[PDB]
Amino acid sequence: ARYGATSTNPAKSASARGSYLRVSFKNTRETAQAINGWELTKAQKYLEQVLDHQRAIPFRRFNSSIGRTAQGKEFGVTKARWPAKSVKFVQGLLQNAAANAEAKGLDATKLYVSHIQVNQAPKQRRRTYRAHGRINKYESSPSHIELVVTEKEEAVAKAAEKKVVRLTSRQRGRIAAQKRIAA
Amino acid sequence: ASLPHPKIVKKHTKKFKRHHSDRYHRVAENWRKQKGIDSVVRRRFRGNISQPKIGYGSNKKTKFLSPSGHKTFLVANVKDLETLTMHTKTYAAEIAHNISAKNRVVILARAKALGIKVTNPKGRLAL
Amino acid sequence: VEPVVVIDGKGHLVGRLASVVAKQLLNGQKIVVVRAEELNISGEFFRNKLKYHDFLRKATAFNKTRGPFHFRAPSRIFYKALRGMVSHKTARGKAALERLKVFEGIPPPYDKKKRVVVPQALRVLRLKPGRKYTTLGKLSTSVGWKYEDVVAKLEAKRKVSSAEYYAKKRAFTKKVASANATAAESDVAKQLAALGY
Amino acid sequence: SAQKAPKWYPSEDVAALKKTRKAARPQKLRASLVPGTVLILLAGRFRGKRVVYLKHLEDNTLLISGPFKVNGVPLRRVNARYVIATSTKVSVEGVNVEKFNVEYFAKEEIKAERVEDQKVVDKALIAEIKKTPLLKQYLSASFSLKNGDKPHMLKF
Amino acid sequence: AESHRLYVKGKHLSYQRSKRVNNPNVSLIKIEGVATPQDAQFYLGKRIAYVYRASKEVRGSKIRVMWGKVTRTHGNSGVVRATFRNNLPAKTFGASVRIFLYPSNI
Amino acid sequence: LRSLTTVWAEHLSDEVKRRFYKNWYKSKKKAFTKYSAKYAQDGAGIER
RNA sequence: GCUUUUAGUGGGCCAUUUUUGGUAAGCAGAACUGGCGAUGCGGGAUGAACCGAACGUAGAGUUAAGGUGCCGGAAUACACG
RNA sequence: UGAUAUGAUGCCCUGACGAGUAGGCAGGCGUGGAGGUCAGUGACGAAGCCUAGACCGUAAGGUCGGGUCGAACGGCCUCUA
RNA sequence: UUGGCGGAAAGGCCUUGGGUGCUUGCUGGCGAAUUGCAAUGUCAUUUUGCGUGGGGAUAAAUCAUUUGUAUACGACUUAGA
């Protein structure tokens with residue numbers, strides 16, 4: 001347990017995790033934010049279309065000097081990519097969350113991904129050998145991914161606070177004076 | 001429940017924060033005087049932050065009083081509370097941060113027997 | 001007094017009118033200036049044309065499209081003269097400049113409203129008679145404003161329609177003064193004259 | 001010990017007040033407030049109403065008669081600073097206004113004696129109003145500053 | 001009647017300021033119809049209300065008031081000075097203000 | 001110069017109609033269909 | 001009135017007036033005083049030295065130098081050219 | 001200084017003053033440890049940590065609430081670095 | 001409702017006819033209070049949303065494919081029931 005900030009029903013959810021995963025954190029963050037909020041079937045078709053170069057992943061935050069493409073035009077962006085490694089890892093965690101929702105007794109037709117977050121894992125180090133006898137770093141930047149799918153539910157209806165009003169003597173003397181004049 | 005005291009005037013409700021306490025994380029907000037030769041804060045240029053000096057000293061009639069008009073006295077047990085038996089209009093008790101909730105129920109019960117004010121009566125309540 | 005003040009710009013001096021309209025904008029009065037093509041500037045035409053060319057050479061040397069923009073129309077000459085007198089880079093100054101509408105000629109709605117003048121900016125009340133002046137329309141045309149002839153056509157059309165309007169209105173107030181002439185010498189008229197009315 | 005003690009304690013005896021020298025003298029009204037003057041109420045529920053003034057009460061108010069039969073204002077109190085004293089005067093000598101005091105308006109629907117005193121004063125007030133032309137209409141109308149009216153040049 | 005106004009219209013001009021330092025405690029009010037400081041002497045001490053609106057109803061009303069008074073004249077041209085309970089918030093530079101006369105020594 | 005009015009003809013060819021389309025084959029081909037109704041009633045609004 | 005003890009300092013600079021060398025210099029060097037350094041505030045748009053005035057925290061009033069067409073608080077004041 | 005009520009380093013009356021580098025001096029705030037004390041706090045939760053939550057002090061800082069946590073730690077009078 | 005004028009940003013102005021409402025032009029009758037001696041004592045228009053009920057009309061664009069009159073990539077230019 002101990003997931004991110006969830007505002008969802010824990011009884012009507014399912015969850016999946018992946019830790020210390022050797023993929024790019026930045027690509028995986030862009031695929032996790034391209035998917036956050038969708039119906040799980042829509043998310044799966046979208047990721048399998050991204051793998052087939054039919055749609056793209058809109059790179060919004062980690063997007064400097066990325067090339068341009070037309071496939072970001074459905075998202076209102078010009079820079080978008082197809083991060084296949086992160087896409088296969090994210091759809092693997094989606095498969096695991098769908099299995100967990102089937103095991104918890106949740107109806108697979110209302111599953112939307114309600115919370116997906118990804119943060120940085122401990123880096124894996126290697127050396128790079130540069131000119132004039134120097135050594136720099138060559139570090140993988142892995143990622144912890146986690147996601148909570150949730151049953152969507154209906155109306156968010158009333159019976160809330162009632163705001164007991166407190167108004168002065170000149171002010172309630174005005175209120176009765178209107179109901180005395182007119183109806 | 002307190003004495004008749006004058007209107008409490010503070011003369012500076014704003015906390016004197018350090019210069020560039022917001023600019024860096026290393027520079028804490030706890031006040032330190034600027035010692036620089038070129039500092040506009042030490043030189044008191046206009047538009048810069050105000051510095052603590054003795055003119056902001058609170059009134060000697062209304063210094064150390066809470067807004068209720070009592071001086072806060074820290075209390076660890078029933079014995080330290082009972083020093084404020086004959087001093088209810090000047091001093092108010094505050095139960096300390098480490099007094100356990102099986103002891104504070106005794107301390108608040110003795111405080112209402114002597115009528116002593118407690119300024120934190122909701123601490124560690126098992127409601 | 002009025003919610004929106006329409007100022008007839010004809011016969012007015014640019015800086016004095018721009019000063020009073022700048023203060024009226026900043027104090028909260030909505031101003032529309034019409035007939036901007038008939039403004040005046042004191043001093044002969046060649047002087048103010050030389051002044052416009054001195055303004056016309058000031059531009060950013062590395063990219064002139066970010067430079068001072070030399071708006072040529074009489075409304076926008078007047079607007080630059082006014083925008084210099086308002087702190088235009090603040091939210092208060094931008095709010096004041098939203099309370100201003102400047103037109104050359106008199107377009108719709110403001111050609112059926114009452115126009116005012118500002119006597120601390122009238123050239124006939126400020127300049128000494130004999131001091132030479134410049135009309136803003138010929139100056140703007142000389143520096144590259146393209147629409148003097150169209151404004152002339154549309155203003156002649158508006159003058160014909162307004163002349164017919166005033167002929168009808170003057171006949172109507174002739175009937176009104178005739179009917180008010182019979183109302184005198186009765187009781188209530190002499191009592192009104194007793195009460196100053 | 002979480003705190004030690006103060007070595008001295010303040011005395012919990014409340015000190016008595018000094019003898020003050022601020023005597024209460026009766027209020028001198030401005031010279032435009034003479035009983036029988038038509039006032040303009042500047043504030044409250046009956047703002048803008050033209051209302052006859054009857055008595056200067058002991059609590060520095062003014063007792064007024066915004067004639068029900070004329071404009072609907074009862075026997076009422078007003079503050080003298082919230083009142084324009086105009087220059088139109090009704091003679092008030094036939095009014096039994098000697099009764100009403102500060103205790104009469106004690107708050108503590110309408111008491112029937114207040115209804116009766118209103119009609120009793122209203123009789124003599126209507127009798128003195130109807131002697132002059134257009135005073136009843138002037139009293140039935142409300143006041144409002146029209147466009148261009150500058151109150152500092154206007155004489156009321 | 002179609003007119004109900006019992007106050008004099010006015011404009012919140014600015015704070016009391018020098019060239020480069022203002023003072024938000026004192027405001028300058030341009031009263032409509034006042035051209036001299038001798039006409040402005042009538043309005044000294046009259047109570048000033050700035051009336052504004054909100055989205056949130058507080059105590060039955062959606063209209064809030066900041067109350068103040070006229071203190072002294074200003075200049076040679078009928079601008080007057082005014083102090084308030086809470087100072088006027090300087091987005092209202094050029095906003096309309098009600099200057100009453102309910103303590104009208106008249 | 002400001003365009004105030006633009007009048008068209010009753011029948012436009014597919015060469016012309018095809019100019020107002022980015023995907024002509026997918027369309028229901030609805031261009032100027034309601035506009036030809038102005039020529040339907042006797043040519044009144046067109047001459048107006 | 002008197003005494004002891006000790007810190008920092010021992011690169012200075014500007015302004016009025018006097019004044020030397022130099023064609024002069026935001027130059028080099030003197031004399032007297034006042035400043036800056038060490039000093040914020042109002043003015044001179046802006047500026048170490050100029051003008052005004054030196055500073056605990058605040059309120060009211062009055063001014064200094066400087067200003068009052070608009071930016072900008074305050075006369076598109078009055079008078080003779 | 002006269003007790004039978006508690007600060008004579010006190011309390012109270014009065015007047016004037018308050019810029020500041022280098023620098024001097026004074027009164028305090030905080031930390032590690034030591035002696036004494038409060039027969040002090042504490043597994044019914046010590047210390048720590050987080051907290052556009054509250055209170056006191058001109059300030060150094062002190063206090064309280066809530067969360068987290070699990071074994072020790074503070075107030076006062078002095079000593080010491 | 002009759003007709004007319006207005007394209008500068010017309011989106012407004014003038015006119016015909018009857019209906020319905022008010023009339024303070026003049027004279028009356030009744031009502032008002034208690035909001036307590038002031039508290040803006042709430043009367044404007046600005047946008048959006050939702051069910052209700054009455055008319056009305058039933059599309060395109062992008063990606064993918066394609067061309068090269070275009071082209072680093074986007075973009076552009078074509079074509080495809």
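What the deposited record gives as its method is cryo-EM, and the resolution it gives is 3.28 Å.

Before going further, it helps to spend a moment on the pattern of salt bridges. Residues and elements named next belong to chain A. The final tally for this structure, using the stated rule, is 15 salt bridges over all chains. As a salt-bridge pair, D107 and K110 come within 3.5 Å of each other at their nearest N and O atoms. Between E139 and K123 there is a salt bridge whose closest N-O contact spans 3.5 Å. Of this pair, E139 sits in the loop between strand 6 (134–137) and strand 7 (143–151) while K123 is found in the loop between strand 4 (111–120) and strand 5 (127–130), placing the two residues 16 residues apart along the sequence. The partly exposed category is assigned to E139, whose relative accessible area is 22%. Members of the salt-bridge network, linked through shared partners, are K123, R125, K137 and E139.

A few words on the nonpolar core. Residue and element names in this part refer to chain A. Counting residues in each nonpolar core, the largest one holds 32 residues, and the members touching the most others are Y46, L47, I57, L94 and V149. Looking at this core, the elements that each hand over two or more residues are strand 1 (13–21), helix 1 (25–33), helix 2 (40–51), helix 3 (84–104), strand 4 and strand 7. The dominant element in this core, judged by the number of residues it contributes, is helix 3, at six residues. The residues touching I57, leaving out its near neighbours within four places in the chain, are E30, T31, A34, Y46, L47, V50, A80, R81, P83 and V87.

The subject of this paragraph is the protein's contact with RNA strand I. The environment of RNA strand I is made up of 69 residues, and the closest members are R68(A), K157(C), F68(D), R53(E) and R98(E). Backbone sugar and phosphate groups make up 55% of those atoms of RNA strand I lying within 4 Å of the protein. In the model, a phosphate oxygen of RNA strand I is placed 2.6 Å from a nitrogen or oxygen of the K73(A) side chain. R98(E) is positioned with one of its side-chain polar atoms (N or O) 2.3 Å from a sugar or linking oxygen of RNA strand I.

What counts, and at which threshold
Residues numbered from 1 in each chain as written, not as in the entry; some residues may be left out. Chains lettered and ligands numbered in written order. Part of a larger assembly, values for the part shown. Heavy atoms only, no water. Residues with missing side-chain atoms left out of burial classes, pairs and counts. Salt bridge = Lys/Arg side-chain N within 4 Å of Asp/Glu carboxyl O. Helix = DSSP H or I, 4+ residues; strand = E, 2+ residues; numbered from the N terminus. Buried < 20%, exposed > 50% of the residue type's maximum accessible area, 1.4 Å probe, protein only. Core = buried A, V, L, I, M, F, W, Y, C linked by side-chain atoms within 4.5 Å. Contact = heavy atoms within 4.5 Å. Near = heavy atom within 4 Å. Polar contact = N/O pair within 3.5 Å; in protein donor to acceptor, adjacent residues only side chain to side chain.

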